[PDB]
Every structure is written in structure tokens, then in C-alpha cells.
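*Asks:* Return a 3D structure for these sequence lines:
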Amino acid sequence: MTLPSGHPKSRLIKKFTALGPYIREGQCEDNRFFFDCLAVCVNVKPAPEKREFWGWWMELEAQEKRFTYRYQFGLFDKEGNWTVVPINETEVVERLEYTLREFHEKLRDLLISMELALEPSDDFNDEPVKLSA
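*Replies:* Residues are numbered from 1 along each chain as shown. Sure, structure below:
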């Protein structure tokens, strides 16, 4: 299943794998790359699979001759379904803000290897998250 970007989905998935965990490549009507990152677990007393974990998903859309991503926060359930919930304990929210930037740092390097244009998220209007909170 190749993407409209022009590049092979086999190479993109394999390459993106070097920026984190194994990407879930399969069949889907929409052409987007969604990754599940784990920052901090909700609880520790109970089991891991029995509890959910915190982590913002990164969904980017490969353009014609460039790449673009966006910042989207949420939660990584065990069912692998879309679930948006509030972040408890500011201590954790701070961890996401840090990893958020570091995520783009490694993502930029990869795109640089393919010489793909990079741009900010249209959802942002000169109002980046407070990294120094």
C-alpha cells in the first residue's frame, strides 16, 4: 500500500521505525502515519495492560515533495482506539512537553536525509506550547 506522497510505504515505515517503536503499517482508507508513544502510566498499583498510559500521538501527512506534521495530545488505550482524556498531575504534562520537542528533533533529521520540505502545523498560530513552564 503505497502513499500518494510518491515514496514507498515499505521504506517510509522502515525508516520511521528508526525514530521510535515499530510503526503499525497496514490497510486503511486514510493515508496518515499514527504512532503510539508511552510517557507515563496512569496507575502503578494495578496491572499495566489493565491500565492506560499517557502519550501524545503524532499524525503527519506526506505532501507531494515535502512532509508536514501536527501536535495532537491524547491517550494510548489498550484497545488501540482513539481516546482523548485530560492529563492529570502537571508533573506528567511537563514530560510530554519535553518529549514533544525532542520528537521533532529526530523527525527533522530523518526528513533531511530525504530532502523533504518541513513546515509548522496549520493548527498553530504563533503560539507554541510552553516548554519553560
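*Asks:* For this structure, which segments count as strands?
*Replies:* Applying DSSP state E to the chain gives strands spanning 33-35, 53-54, 58-62, 66-68, 75-76, 82-83, 117-119.
*Asks:* Look up which residues are beta-bridged to the closest residue in space to residue 77 that isn't next to it in sequence.
*Replies:* Distances taken as C-beta to C-beta, 6 or more residues apart in numbering place residue 83 nearest to residue 77, at 4.7 Å, with adjacent residues excluded. In short, each C-beta sits where N, CA and C put it, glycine included. On the basis of DSSP bridges, residue 83 is bridged to residue 75.
*Asks:* what's the burial count for residue 83?
*Replies:* Residue 83: 12 surrounding residues under other C-beta atoms under 10 Å.
*Asks:* try the one 10 residues further on
*Replies:* Neighbouring residues of residue 93 were enumerated by other C-beta under 10 Å; the total is 17.
*Asks:* Same check on residue 16?
*Replies:* Residue 16, neighbours per other C-beta under 10 Å, totals 19.
*Asks:* Need the residue in the protein that's farthest from the chain's center.
*Replies:* What lies farthest from the middle of the chain is residue 45; by C-alpha atoms, centre = their mean that is 27.5 Å.
*Asks:* any idea how far that residue is from residue 38?
*Replies:* Relative to residue 38, residue 45 is positioned 18 Å away (C-beta to C-beta, to the nearest Å).
*Asks:* again, but for residue 60
*Replies:* Taking C-beta to C-beta, one finds residue 60 at 19 Å from residue 38.
*Asks:* Mind checking which of those two has more residues around it?
*Replies:* residue 60 (17 against 11).
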